[PDB]
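J.: Chains as they are written, first to last, in our numbering: chain C, 1 to 375; chain A, 1001 to 1375; chain W, 2001 to 2375; chain X, 3001 to 3057. Just so it is clear, CB atoms sit at the ideal spot from N, CA and C, and this is done for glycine as well. I'd like to ask you about the structure that follows.
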């Protein structure tokens, strides 16, 4: 289908995988990072049935499957499942076999080297990709947003990274990596919905809660005041339709879950929240850097699409920041989808063609080569 | 007399036996599961006279025979009598020797292990069957209906098993075995016909009442209103002709009988009825399963032929079910013959030839092997 | 009959009702949480006969009663039957009246809030208790066992809670509430005893099976080996005498039932077993916590009394756990009734006398007050 | 009786074929109903929420 050896681009998180091709401004398909497996003994004969289901197949057949995520806190722990995801992601929907096209995969700046090494090894030895690159997610977000400078908050399902970049340079001493993420927010919601009389303990139930969160939840500009009314009156409650026709009505839990981003103690996390994490990265940068980072809080990854988050993050930093200074958040509608787009931008830059590891250098050096070549 | 070594299908229950050749759409030999024996002293000599009569012989000469059923509440209690039923069914009516025809037998999912192994033993040691298989009636019902998913209500003479299957997999934790069946409905009718002045207790009488039930009884959609008029007027009475030319006229007993399906307390059973058990078979399955089982409530076996029952059940489950959700009953005219049809479909399936236990594996392991090989 | 206004303490679960007064070391009386009702029409005149029977009355007259348990896997729904259970517990056994004594009741940490609110409402409005306090079962389980640090494994009839507590603090993000309990084992045993030719489906039959389980069952340290011999020889069989003189001989079902605790898939549950939930609740805690929690896995509730259960879980946790570190299960003789004892300990602490909801605060605020006053 | 039966069977089968079609009409109708309700619900709710969150413009 393609008339050029454009790189293929994927952003593989602990949640979902966004995929498309280099040179576009959008992914063409999205898959959950899920491989599902039946937990029941077959009784009928001749009904097909796979050993495992991938992506959207895993969710469509989930009624009897246990659903596992191969990626946790930013890294691949199960790469056999990622190979099935990548075949499906690159060839079944995008219709391109990596054998004839370069591939770009992404990681956080401090993501364990073992993960970039496996991403490189898998695409070269299983998919025979002619070339590889593993990209920094923060770089990609800044390209997509039109910035060279800012604090990148990649606040998704796995890990919040929080890295300051200035004039294209990393400022690693100011990175505030935090093990606070969207997967934990979901777990908290499952526990508080349990308190309301709706226990969720199985995979189907877990996926429902993640659906409740995505459709009903928000952070709120002012949590304590929003909670004071939501916890006192039905006027701030919203219902959700459960798959079997039953419904659940949710009050302050609707925003208390997302609030864990600002109050991590809700899940037993030793943290002051994502806005102090952001603030400290600015604080630790040089004094003639700080002004540009205060003016550029960059939103990427999941949770950045909660109602009240763009306004809340600018307000929370303003509250920590010195007066006189202008604090600004970069949070357009195309917010968060900035990391996939950046992968496309980087892969297709003329100034980045020399950064591709070819399947020449790869076999001479082995997968450890990514640590020497990507950045 | 058959032109192919096709497995026989023999749905042998506590009521009747439907037997035929796999690959066809209907049984060829249908007999009651009856072995009859004379209960009188002979006076004439040179009268022939058998020690025992089977199937149609048992009913044709029943005027002086006591009639017994070798199968009770889903299991064989008298295997010697089943050998007599099987020999006749196979060699005289179907006109086939099992030696070249493997034969599929049927059972309920929670049916005692002893029954599945005894059936296996008789076919291998008395009939020298080359191979054996014992099938789940729910599997067969779903094949016949064109489904891999649904609740099979196999509401026959013995036991109502209420068993869910999803995507061809058993969901055994949700099977609601119920001690209410067509044999109890017959006994209830004998007791309330006694109230009307027509006591029925002897074999001829027991067979008559079963025939009355099959021909005259129904459930309709509203018991109390149907009773209000049936108990007040002859306009809802129906006459039944007894074998000697005498008649019995039956009023609300006509519906009070099968109503036991919705009111088990009528026979002293501690149960809320078949719609509660259908509901629990759906409800006890995972939330992403429930929607498909609600939409695929499958009628199978006997009693499914009471007028108003397919709609009565859809109404009664709908009444317990969440709103919005679509509750649907599958109730084709091939009702009750669907287990036989599925037996034909499964036995002849190319994908199921390896599922047959051969008479090699049988002797090495013994009859308990059916428990490990069939499902 | 008490000479002091000692708090009354009672654990009103889905299984048993344990009660006594604060300051003792045991409940004074224990009986089932049952309210029974006749399922038959009376024919003799002047026979007395109640509309409903409670506790031991419900079991004593059970031949014609249907028996219900007001508490559903840890939550009270049938508060009217529980009012009768409490009245019986207090007045016909302890010979106390809540009107003259403050009362302590208990629930699991992730138990729906409705339970605590309804228990509070009834004790204040129908029993006129001067004060109330809903305690945490995990708190009481560690008080009775003598720990401030450890995992509460409360594996009783209703629900298994699995909560880590460190230095008296909850570590709630690591709670693994699991829908696997002693109640499921009773129903599972009814189904596998059906496989052996002894079907059990009614209340009387369920009470018989609960008695079989309580007297014959164990888990064993090595399941597969115990299974291999129990399935091969009569040497591991044990008989049970039924109320009507029937005798059932039970083989590997004796442990296959209880084994569901380690293999939940036996009852269709999506779970790795109680040893993994214990393990993960510790693994989700900080490393300076884990060293103390692995050495203090603490049993409370029923099923913990099965032979091989403490050794079985310790073996599996140890196998999953890292070396050097010691893994241990605390399983004191004060099992199954230890949470009651913990209630006595809490109720009698001087540091607890400020924790009571008084019958002043209660009426001004209503029963929702328990949600703010107890914990 | 045979002609009456063939006519009664024609009516029973006619009606059974027709009821089958009607049952299909109901299944389709309910799916359409759900679409009306679901789309309505989705629209009324997406606006209540879009306007409740999108209040600052």
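Please work out which residues of its chain come closer than 8 Å, Cβ to Cβ, to residue 2068/W, disregarding the five sequence neighbours upstream and downstream, and give them in chain order.
T.: Position 68 of the third chain, counted from the first residue, corresponds to residue 2068/W. The residues are 2034, 2035, 2036, 2037, 2078, 2081.
J.: Chain A beta carbons: is any one of them nearer than 8 Å to that of residue 2039/W?
T.: Along the third chain, read from residue 1 onward, the residue named residue 2039/W stands at position 39. Yes, because at least one Cβ of chain A sits closer than 8 Å to the Cβ of residue 2039/W.
J.: Contact defined as beta carbons within less than 8 Å: I believe residue 40/C pairs with residue 64/C. What is the distance between those atoms, to the nearest angstrom?
T.: On the first chain, position 40 is the one that residue 40/C refers to. On the first chain, position 64 is the one that residue 64/C refers to. Right, their Cβ atoms sit about 5 Å apart.
J.: Could one say the Cβ of residue 303/C lies closer than 8 Å to chain W's Cβ atoms, at least one of them?
T.: Stepping through the first chain from its first residue, residue 303/C is reached at position 303. Chain W contact via Cβ: absent.
J.: The beta strand (DSSP E) with residue 1107/A in it runs from where to where?
T.: The residue labelled residue 1107/A in the question sits at position 107 within the second chain. That run of the beta strand (DSSP E) goes 1104-1107.
J.: Using the beta-carbon count (16 or more within 10 Å), is residue 2175/W buried or exposed?
T.: For the purposes of this step, residue 2175/W is taken as residue 175 along the third chain, with counting starting at 1. So residue 2175/W counts as buried.
J.: Just confirm the distance between the C-beta atoms of residue 2257/W and residue 2188/W, as a whole number of angstroms; I'd bet it's less than 8 Å.
T.: Position 257 of the third chain, counting from 1, holds the residue named residue 2257/W. Position 188 of the third chain, counting from 1, holds the residue named residue 2188/W. The Cβ separation is near 5 Å, so the contact holds.
J.: Between residue 1167/A and residue 1142/A, what straight-line distance do the alpha-carbon atoms span, to the nearest angstrom?
T.: For this step, residue 1167/A is matched to residue 167 along the second chain. For this step, residue 1142/A is matched to residue 142 along the second chain. So the alpha carbons of these two residues sit roughly 11 Å apart.
J.: Cβ of residue 2193/W within 8 Å of Cβ of residue 2248/W?
T.: Within the third chain, residue 2193/W is the residue found at index 193, counting from 1. Within the third chain, residue 2248/W is the residue found at index 248, counting from 1. Their beta carbons are under 8 Å apart, which means residue 2193/W touches residue 2248/W by this criterion.
J.: Going by C-alpha to C-alpha distance, which of 157/C, 320/C, 300/C sits closest to residue 73/C?
T.: The residue you call residue 73/C lines up with position 73 of the first chain. Looking at the Cα atoms, 157/C is the closest of the given residues.
J.: State the start and end residues of the unbroken beta strand (DSSP E) segment that holds residue 359/C.
T.: Locating residue 359/C in the first chain gives position 359, where the first residue counts as 1. Element bounds for residue 359/C: n/a, residue is neither H nor E.
J.: Within 10 angstroms of the Cβ of residue 1316/A, are there 16 or more other Cβ atoms? Answer buried if so, exposed if not.
T.: Taking the second chain and counting its residues from 1, the one referred to as residue 1316/A is at position 316. With 16 or more other Cβ atoms within 10 Å, it is buried.
J.: Three or more C-beta pairs under 8 Å: does that hold for the segment 1127-1137 of chain A against the segment 1091-1106 of chain A?
T.: Yes, they touch.
J.: Check residue 2313/W in the structure and name its three-state DSSP category.
T.: To locate residue 2313/W, count along the third chain from 1; it is residue 313. Note: residue 2313/W maps to helix in three-state DSSP.
J.: Starting from residue 2270/W, find everything on chain C with Cβ-Cβ shorter than 7 Å and list it in chain order.
T.: For the purposes of this step, residue 2270/W is taken as residue 270 along the third chain, with counting starting at 1. Correct list: 39, 66, 202, 203.
J.: Under 8 Å, CB to CB, which of the residues in the segment 1313-1327 of chain A have a partner in chain X?
T.: Those would be 1324, 1326, in chain order.
J.: CB-CB under 6 Å to residue 2148/W, same chain, minus the five flanking residues each way: which ones, in chain order?
T.: The residue given as residue 2148/W occupies position 148 in the third chain. Within the same chain, residue 2148/W has close Cβ partners 2167, 2168.
J.: Quick one: measure Cβ to Cβ for residue 1110/A and residue 2213/W, integer angstroms, because I've assumed they're closer than 8 Å.
T.: Position 110 of the second chain, counted from the first residue, corresponds to residue 1110/A. Position 213 of the third chain, counted from the first residue, corresponds to residue 2213/W. The pair is not a contact, with the Cβ atoms about 18 Å apart (cut-off 8 Å).
J.: Measuring alpha carbon to alpha carbon, tell me which of 2159/W, 2370/W, 2347/W, 2270/W ends up nearest residue 2301/W.
T.: Position 301 of the third chain, counted from the first residue, corresponds to residue 2301/W. Residue 2301/W has its Cα closest to that of 2159/W, out of 2159/W, 2370/W, 2347/W, 2270/W.
J.: Residues in its own chain within less than 8 Å of residue 2268/W by CB, not counting five upstream and five downstream?
T.: Within the third chain, numbered from 1, the residue matching residue 2268/W stands at position 268. Nothing listed; no residue qualifies.
J.: In the segment 1099-1118 of chain A, which residues sit with their C-beta less than 8 Å from some C-beta in chain W, listed in chain order?
T.: Hits within the stretch, in order: 1110, 1112, 1113, 1114.
J.: Give me the Cβ distance between residue 388/C and residue 328/C, rounded to the nearest whole Å; I'm assuming they're in contact under 8 Å.
T.: No answer is possible for residue 388/C: the residues shown for chain C start at 1 and end at 375.
J.: Residues of chain X with a CB under 8 Å from the CB of residue 307/C: which are they?
T.: Residue 307/C sits at position 307 when you count from the first residue of the first chain. In chain order: 3053.
J.: At 3 residues or longer, and completely inside the segment 1119-1194 of chain A: list those beta strand (DSSP E) runs for me, N to C.
T.: Whole beta strand (DSSP E) segments, 3+ residues: 1131-1136, 1150-1153, 1163-1166.
J.: Within 8 Å (strictly less), CB to CB, does residue 3032/X reach chain A?
T.: As a working note, residue 3032/X is residue 32 in the fourth chain. Chain A, which has no Cβ nearer than 8 Å to the Cβ of residue 3032/X, makes this no.
J.: Assuming residue 1266/A contacts residue 1217/A under a Cβ cut-off of 8 Å, what Cβ separation, rounded to an integer in Å, is found between them?
T.: Numbered from its first residue, the second chain carries residue 1266/A at position 266. Numbered from its first residue, the second chain carries residue 1217/A at position 217. Actually they are not in contact, since the Cβ atoms of residue 1266/A and residue 1217/A sit about 13 Å apart, beyond 8 Å.
J.: Would you mind telling me which residues of chain W sit closer than 9 Å to residue 196/C, beta carbon to beta carbon, in chain order?
T.: Counting from one through the first chain, the residue named residue 196/C turns up at place 196. Residues of chain W passing the Cβ test: 2112, 2113, 2114.
J.: Looking at the C-beta of residue 1329/A, does it have a partner C-beta in chain C at a distance below 8 Å?
T.: Locating residue 1329/A in the second chain gives position 329, counting from the first residue. Answer no: the Cβ-Cβ gap between residue 1329/A and chain C never drops below 8 Å.
J.: Since residue 2010/W is in the beta strand (DSSP E), which residue starts that stretch and which ends it?
T.: Taking the third chain and counting its residues from 1, one reaches residue 2010/W at position 10. Unbroken beta strand (DSSP E) run through residue 2010/W: 2008-2012.
J.: So residue 1045/A is in the alpha helix (DSSP H); what residue range does that whole segment cover?
T.: Position 45 of the second chain, counting from 1, holds the residue named residue 1045/A. Looking at the DSSP string, residue 1045/A is not in any alpha helix (DSSP H), and its letter there is neither H nor E.
J.: Here's the rule I'm using: 16 or more other beta-carbon atoms within 10 Å means buried, otherwise exposed. How should residue 3054/X be labelled?
T.: Within the fourth chain, residue 3054/X is the residue found at index 54, counting from 1. Per the 10 Å Cβ criterion, exposed.
J.: Taking the alpha helix (DSSP H) that residue 3016/X falls in, what are its first and last residues?
T.: By 1-based counting over the fourth chain, the position of residue 3016/X is 16. 3002-3053 is the extent of the alpha helix (DSSP H) around residue 3016/X.
J.: Please classify residue 173/C: is it buried, with 16 or more other beta-carbons within 10 angstroms of its beta-carbon, or exposed?
T.: Residue numbering aside, residue 173/C sits at position 173 when the first chain is read from its first letter. It counts as exposed.
J.: Using 8 Å as the threshold, is the C-beta distance between residue 1007/A and residue 1094/A below it?
T.: Stepping through the second chain from its first residue, residue 1007/A is reached at position 7. Stepping through the second chain from its first residue, residue 1094/A is reached at position 94. Against a cut-off of 8 Å, the Cβ pair of residue 1094/A and residue 1007/A comes out as no contact.
J.: I'd like to know if the segment 2332-2339 of chain W and the segment 2018-2033 of chain W are in contact, where contact means that at least 3 CB-CB pairs between them fall below 8 Å.
T.: The answer is yes - the segment 2018-2033 of chain W touches the segment 2332-2339 of chain W, with three or more Cβ pairs under 8 Å.
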